[PDB]
Amino acid sequence: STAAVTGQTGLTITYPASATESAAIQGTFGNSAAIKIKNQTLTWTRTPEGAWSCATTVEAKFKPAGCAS
Amino acid sequence: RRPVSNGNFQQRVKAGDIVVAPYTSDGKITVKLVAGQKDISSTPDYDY
């Protein structure tokens, strides 16, 4: 729906309010996801400068090459 | 060193004199300064 509140419980948006803080989009695996990777979180973070990057808490063999730490 | 030449040591020995001498052996002092390998950052991560 909106950045403050969305239509899904597993999605959280970190909307910046100042010029010196970052932005983050985090999604939590569940429901139709695998039981093994249940409750894990994948987040897309944005620095206030304007660079995007990806990170996740899943196992390494489940981590895509574009989201490797 | 500071070895003390005590003259006729045998003579004063005959005299029965206890003898002492302010003496130094060939001492040595070493200082080693050793640099330290100090970590700062990392990024490529792999598990095996």
# chains A, B, ... in the order shown; residues from 1 in each chain; ligands from 1

$ residues_around --residues "residue 23 of chain B" --least-positions-apart "2" --cutoff "7 Å" --atoms "only C-alpha atoms" --output "list in words"
residues 2, 3, 4, 21 and 25 of chain B

$ write_last_selection --atoms "N, CA and C atoms" --output "CSV table (one decimal), in the first residue's frame"
chain,number,residue,atom,x,y,z
B,2,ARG,N,85.2,-4.6,33.0
B,2,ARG,CA,86.1,-3.9,33.9
B,2,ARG,C,86.9,-4.9,34.7
B,3,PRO,N,87.8,-5.6,34.0
B,3,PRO,CA,88.7,-6.6,34.8
B,3,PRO,C,89.8,-5.8,35.5
B,4,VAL,N,90.0,-6.1,36.8
B,4,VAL,CA,90.9,-5.4,37.7
B,4,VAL,C,92.2,-6.1,37.7
B,21,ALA,N,87.1,-7.7,43.7
B,21,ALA,CA,87.5,-6.8,42.6
B,21,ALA,C,86.2,-6.4,41.9
B,25,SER,N,81.6,-8.7,33.5
B,25,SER,CA,81.8,-9.6,32.3
B,25,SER,C,81.3,-8.8,31.1

$ closest_atom_pairs --of "chain A" --to "chain B" --cutoff "12 Å" --atoms "only C-alpha atoms" --output "JSON lines"
{"residue": "A:59", "atom": "CA", "partner": "B:47", "partner_atom": "CA", "distance": 9.9}
{"residue": "A:60", "atom": "CA", "partner": "B:47", "partner_atom": "CA", "distance": 7.4}
{"residue": "A:61", "atom": "CA", "partner": "B:47", "partner_atom": "CA", "distance": 9.3}
{"residue": "A:63", "atom": "CA", "partner": "B:46", "partner_atom": "CA", "distance": 11.3}
{"residue": "A:65", "atom": "CA", "partner": "B:45", "partner_atom": "CA", "distance": 11.5}
{"residue": "A:67", "atom": "CA", "partner": "B:45", "partner_atom": "CA", "distance": 11.6}
{"residue": "A:68", "atom": "CA", "partner": "B:45", "partner_atom": "CA", "distance": 7.9}
{"residue": "A:69", "atom": "CA", "partner": "B:45", "partner_atom": "CA", "distance": 6.3}

$ select_by_dssp --residues "chain B" --states "alpha helix (DSSP H)" --output "ChimeraX atom specification"
/B:9-14

$ write_last_selection --atoms "N, CA and C atoms" --output "tab-separated table (two decimals), in the first residue's frame"
chain	number	residue	atom	x	y	z
B	9	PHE	N	98.89	-11.10	42.70
B	9	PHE	CA	97.80	-11.76	43.41
B	9	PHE	C	98.32	-12.92	44.25
B	10	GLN	N	99.27	-13.68	43.71
B	10	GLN	CA	99.84	-14.78	44.47
B	10	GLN	C	100.54	-14.28	45.73
B	11	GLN	N	101.17	-13.11	45.65
B	11	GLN	CA	101.87	-12.59	46.82
B	11	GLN	C	100.90	-12.29	47.96
B	12	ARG	N	99.82	-11.56	47.66
B	12	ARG	CA	98.85	-11.26	48.71
B	12	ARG	C	98.12	-12.52	49.15
B	13	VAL	N	98.06	-13.53	48.27
B	13	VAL	CA	97.57	-14.84	48.69
B	13	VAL	C	98.47	-15.44	49.75
B	14	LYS	N	99.78	-15.39	49.52
B	14	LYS	CA	100.74	-15.81	50.54
B	14	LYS	C	100.51	-15.02	51.82

$ residues_around --residues "residue 51 of chain A" --least-positions-apart "3" --cutoff "12 Å" --atoms "only C-alpha atoms" --output "mmCIF file with N, CA and C atoms, in the first residue's frame"
data_model
loop_
_atom_site.group_PDB
_atom_site.id
_atom_site.type_symbol
_atom_site.label_atom_id
_atom_site.label_comp_id
_atom_site.auth_asym_id
_atom_site.auth_seq_id
_atom_site.Cartn_x
_atom_site.Cartn_y
_atom_site.Cartn_z
ATOM 1 N N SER A 22 19.770 5.881 6.314
ATOM 2 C CA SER A 22 19.624 5.013 5.158
ATOM 3 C C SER A 22 18.180 4.539 5.001
ATOM 4 N N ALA A 23 17.916 3.902 3.862
ATOM 5 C CA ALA A 23 16.625 3.307 3.560
ATOM 6 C C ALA A 23 16.798 1.811 3.343
ATOM 7 N N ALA A 24 15.797 1.040 3.759
ATOM 8 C CA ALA A 24 15.891 -0.410 3.685
ATOM 9 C C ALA A 24 14.536 -1.007 3.337
ATOM 10 N N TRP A 44 16.879 -5.247 1.134
ATOM 11 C CA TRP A 44 17.492 -4.337 0.178
ATOM 12 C C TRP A 44 17.693 -2.995 0.864
ATOM 13 N N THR A 45 18.950 -2.601 1.035
ATOM 14 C CA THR A 45 19.302 -1.394 1.764
ATOM 15 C C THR A 45 19.791 -0.321 0.801
ATOM 16 N N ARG A 46 19.461 0.929 1.109
ATOM 17 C CA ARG A 46 19.882 2.081 0.322
ATOM 18 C C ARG A 46 20.580 3.078 1.232
ATOM 19 N N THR A 47 21.826 3.406 0.904
ATOM 20 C CA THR A 47 22.527 4.457 1.615
ATOM 21 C C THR A 47 21.915 5.813 1.270
ATOM 22 N N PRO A 48 22.023 6.793 2.172
ATOM 23 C CA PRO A 48 21.520 8.137 1.846
ATOM 24 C C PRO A 48 22.213 8.759 0.648
ATOM 25 N N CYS A 54 22.189 -5.682 -1.695
ATOM 26 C CA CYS A 54 21.317 -6.737 -1.202
ATOM 27 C C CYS A 54 22.040 -7.594 -0.172
#

$ decode --residues "segment 12-25 of chain B" --atoms "N, CA, C and O atoms" --output "PDB file, in the first residue's frame"
ATOM      1  N   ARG B  12      99.820 -11.563  47.664  1.00  0.00           N
ATOM      2  CA  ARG B  12      98.847 -11.260  48.705  1.00  0.00           C
ATOM      3  C   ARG B  12      98.123 -12.523  49.147  1.00  0.00           C
ATOM      4  O   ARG B  12      97.618 -12.599  50.273  1.00  0.00           O
ATOM      5  N   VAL B  13      98.064 -13.530  48.272  1.00  0.00           N
ATOM      6  CA  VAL B  13      97.565 -14.837  48.686  1.00  0.00           C
ATOM      7  C   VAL B  13      98.472 -15.436  49.750  1.00  0.00           C
ATOM      8  O   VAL B  13      98.003 -15.940  50.777  1.00  0.00           O
ATOM      9  N   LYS B  14      99.784 -15.392  49.518  1.00  0.00           N
ATOM     10  CA  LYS B  14     100.736 -15.810  50.541  1.00  0.00           C
ATOM     11  C   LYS B  14     100.508 -15.024  51.819  1.00  0.00           C
ATOM     12  O   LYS B  14     100.580 -15.567  52.927  1.00  0.00           O
ATOM     13  N   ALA B  15     100.220 -13.732  51.674  1.00  0.00           N
ATOM     14  CA  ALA B  15      99.882 -12.904  52.821  1.00  0.00           C
ATOM     15  C   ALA B  15      98.577 -13.334  53.470  1.00  0.00           C
ATOM     16  O   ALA B  15      98.275 -12.890  54.582  1.00  0.00           O
ATOM     17  N   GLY B  16      97.800 -14.186  52.807  1.00  0.00           N
ATOM     18  CA  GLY B  16      96.519 -14.582  53.347  1.00  0.00           C
ATOM     19  C   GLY B  16      95.462 -13.512  53.275  1.00  0.00           C
ATOM     20  O   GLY B  16      94.692 -13.352  54.224  1.00  0.00           O
ATOM     21  N   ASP B  17      95.405 -12.763  52.183  1.00  0.00           N
ATOM     22  CA  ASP B  17      94.472 -11.656  52.053  1.00  0.00           C
ATOM     23  C   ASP B  17      93.231 -12.114  51.298  1.00  0.00           C
ATOM     24  O   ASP B  17      93.339 -12.685  50.208  1.00  0.00           O
ATOM     25  N   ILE B  18      92.057 -11.869  51.877  1.00  0.00           N
ATOM     26  CA  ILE B  18      90.825 -11.989  51.112  1.00  0.00           C
ATOM     27  C   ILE B  18      90.814 -10.901  50.049  1.00  0.00           C
ATOM     28  O   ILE B  18      91.197  -9.754  50.310  1.00  0.00           O
ATOM     29  N   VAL B  19      90.408 -11.254  48.835  1.00  0.00           N
ATOM     30  CA  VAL B  19      90.519 -10.334  47.713  1.00  0.00           C
ATOM     31  C   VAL B  19      89.174 -10.238  47.012  1.00  0.00           C
ATOM     32  O   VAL B  19      88.477 -11.245  46.842  1.00  0.00           O
ATOM     33  N   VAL B  20      88.802  -9.019  46.635  1.00  0.00           N
ATOM     34  CA  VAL B  20      87.609  -8.749  45.851  1.00  0.00           C
ATOM     35  C   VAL B  20      88.006  -7.806  44.727  1.00  0.00           C
ATOM     36  O   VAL B  20      89.063  -7.176  44.761  1.00  0.00           O
ATOM     37  N   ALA B  21      87.145  -7.715  43.717  1.00  0.00           N
ATOM     38  CA  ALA B  21      87.455  -6.833  42.615  1.00  0.00           C
ATOM     39  C   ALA B  21      86.170  -6.388  41.940  1.00  0.00           C
ATOM     40  O   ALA B  21      85.370  -7.239  41.533  1.00  0.00           O
ATOM     41  N   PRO B  22      85.956  -5.082  41.786  1.00  0.00           N
ATOM     42  CA  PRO B  22      84.786  -4.616  41.029  1.00  0.00           C
ATOM     43  C   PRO B  22      84.933  -5.022  39.572  1.00  0.00           C
ATOM     44  O   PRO B  22      85.749  -4.464  38.836  1.00  0.00           O
ATOM     45  N   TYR B  23      84.134  -5.998  39.158  1.00  0.00           N
ATOM     46  CA  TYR B  23      84.342  -6.672  37.890  1.00  0.00           C
ATOM     47  C   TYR B  23      83.058  -6.698  37.081  1.00  0.00           C
ATOM     48  O   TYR B  23      81.956  -6.760  37.630  1.00  0.00           O
ATOM     49  N   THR B  24      83.220  -6.649  35.763  1.00  0.00           N
ATOM     50  CA  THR B  24      82.116  -6.797  34.829  1.00  0.00           C
ATOM     51  C   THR B  24      82.507  -7.806  33.768  1.00  0.00           C
ATOM     52  O   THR B  24      83.617  -7.748  33.230  1.00  0.00           O
ATOM     53  N   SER B  25      81.601  -8.729  33.477  1.00  0.00           N
ATOM     54  CA  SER B  25      81.763  -9.580  32.315  1.00  0.00           C
ATOM     55  C   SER B  25      81.328  -8.827  31.061  1.00  0.00           C
ATOM     56  O   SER B  25      80.786  -7.721  31.120  1.00  0.00           O
TER      57      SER B  25
END
